[PDB]
Amino acid sequence: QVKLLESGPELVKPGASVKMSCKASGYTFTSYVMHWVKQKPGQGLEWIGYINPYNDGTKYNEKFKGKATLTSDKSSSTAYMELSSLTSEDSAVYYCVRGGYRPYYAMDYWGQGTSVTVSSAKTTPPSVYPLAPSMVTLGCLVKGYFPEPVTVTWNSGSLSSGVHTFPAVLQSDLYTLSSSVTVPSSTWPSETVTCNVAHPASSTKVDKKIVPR
Amino acid sequence: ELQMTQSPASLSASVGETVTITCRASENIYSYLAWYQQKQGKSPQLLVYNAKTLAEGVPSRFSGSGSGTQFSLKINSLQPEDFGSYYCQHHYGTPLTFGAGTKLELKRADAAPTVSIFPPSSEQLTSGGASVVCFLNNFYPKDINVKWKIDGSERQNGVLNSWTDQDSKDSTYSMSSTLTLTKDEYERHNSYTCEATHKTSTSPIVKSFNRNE
DNA sequence: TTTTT
């Protein structure tokens with residue numbers, strides 16, 4: 001099957017450069033161009049350009065010429081995009097997208113995307129606080145961490161419906177996120193409810209059981 | 001450069017209903033117009049190309065048309081899986097440009113939020129901080145106003161608000177509002193109130209708690 | 001240079 005494997009989230013300082021990769025498989029790498037599209041948080045799509053792996057030829061969106069550099073490696077079927085002189089405007093998710101049968105055809109296979117965060121803020125592990133009060137709503141406050149993302153689950157996935165995990169909000173260089181879970185009141189606290197929080201950037205995991213005040 | 005214009009920016013519809021969204025090219029592009037569907041948190045998927053040609057796998061209830069500068073995408077008898085965002089993009093040479101998108105959400109009857117308030121956790125208080133959390137869960141429409149009052153006076157500083165995307169099971173929205181204070185300021189007041197004003201009532205919904213209690 | 005790959 002056609003697969004596009006992109007590199008993981010990146011945190012980089014303003015003014016530095018970042019390079020991400022897109023390893024293809026499932027087709028003749030050199031038979032299709034590879035486009036790159038930018039998508040800022042909760043915003044539209046913007047075409048950056050493409051490269052033709054077959055001949056290393058490149059077409060750029062003028063706004064990106066001199067900013068983005070598209071390369072390609074036939075031996076490893078991998079396409080790269082480098083961005084220089086990063087600013088906050090560059091924080092966004094970047095996708096490599098396989099072109100159609102012909103370069104001018106509509107793009108058809110989008111990768112999962114590489115999230116890029118441009119900031120001088122330092123990696124900070126989260127503090128995790130319990131939110132304790134015929135349904136009862138409980139919760140978990142994940143505060144002061146950087147960068148994104150953190151994952152939050154309840155009872156390691158056994159509690160899935162009745163859960164609302166809210167998008168993190170940045171404040172003074174640190175993110176804060178909350179998650180609520182609603183369970184039958186009779187079941188709590190006789191049946192334990194625990195939030196499991198993971199923050200891969202600081203290699204931190206925290207399990208917090210919610211107990212009655 | 002060439003500019004695309006999509007309308008409407010947002011639309012609400014019911015399952016089984018038929019709707020039409022539009023895209024306008026600043027310059028003639030003939031029939032070289034593609035439409036992409038992007039689900040919340042997913043990568044875009046190609047739906048149509050050449051303005052009227054459905055990509056492989058795309059259901060026939062989808063129907064694109066137009067040519068030149070005015071295009072429309074019609075969806076007959078909408079299904080649950082159709083809600084999300086839609087972007088048009090011309091594929092008439094480079095640079096490629098996208099419309100700003102149309103967010104297609106599910107319509108449901110109005111519903112008041114289920115509001116829960118939580119005082120700072122003893123844990124957090126030991127670190128010098130005091131966050132007060134309020135969940136306004138499963139309400140509709142998305143538009144809502146939250147206010148924090150301390151001993152009667154509204155507090156505007158240190159409030160962090162975050163909204164979830166529409167729930168795919170019940171078509172509602174949820175919101176989390178966190179009022180962050182320092183522990184010693186928290187200890188100087190007794191009454192804390194989360195106040196929500198929603199379309200569903202003239203009387204704001206209120207949840208309160210007293211520190212000394 | 002415009003789509004059954």
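By convention in this document, chain letters (A, B, ...) are assigned in the order of the sequence lines, proteins followed by strands, and residues within each chain are numbered from 1. Atom set for the values below is all heavy atoms of this structure, side chains included, hydrogens, waters and symmetry mates excluded.
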Take atom [atom1] of [X] and atom [atom2] of [N], then tell me their distance rounded to the nearest Å.
| X | N | atom1 | atom2 | value |
| --- | --- | --- | --- | --- |
| A:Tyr104 | C:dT2 | OH | P | 6 Å |
| B:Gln89 | C:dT2 | CD | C1' | 13 Å |
| B:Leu46 | C:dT4 | CG | P | 13 Å |
| A:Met107 | C:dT2 | CE | P | 20 Å |
| A:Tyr27 | C:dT3 | OH | P | 21 Å |
| B:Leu96 | C:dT1 | CG | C1' | 13 Å |
| A:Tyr109 | C:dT3 | OH | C1' | 12 Å |
| A:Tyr32 | C:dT3 | OH | P | 15 Å |

message: On the nucleotide C:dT3, are OP1 or OP2 found under 4.0 Å from the side-chain N or O atoms that B:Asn50 carries?
response: yes
task: Evaluate whether atom CD of A:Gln112 has more than 12 neighbouring non-hydrogen atoms of other residues, nucleotides or ligands under 6.0 angstrom away.
output: no
- prompt: Under 6.0 Å from the NZ atom of B:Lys142, do we count more than 12 heavy atoms belonging to anything else shown?
  reply: yes
query: Cut-off 3.5 Å, side chains only: do B:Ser65 and B:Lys52 have a donor facing an acceptor?
result: no
- prompt: When you check the gap from the basic side-chain N to the acidic O, do B:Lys42 and B:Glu81 get nearer than 4.0 Å?
  reply: no
query: By centroid distance (under 5.5 Å) and plane angle (under 30°), are B:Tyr92 and C:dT2 in a stacked arrangement?
result: no
message: Should B:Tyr49 be counted as stacked on C:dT2, where stacking needs a ring-centre gap under 5.5 Å and an angle between planes under 30 degrees?
response: no
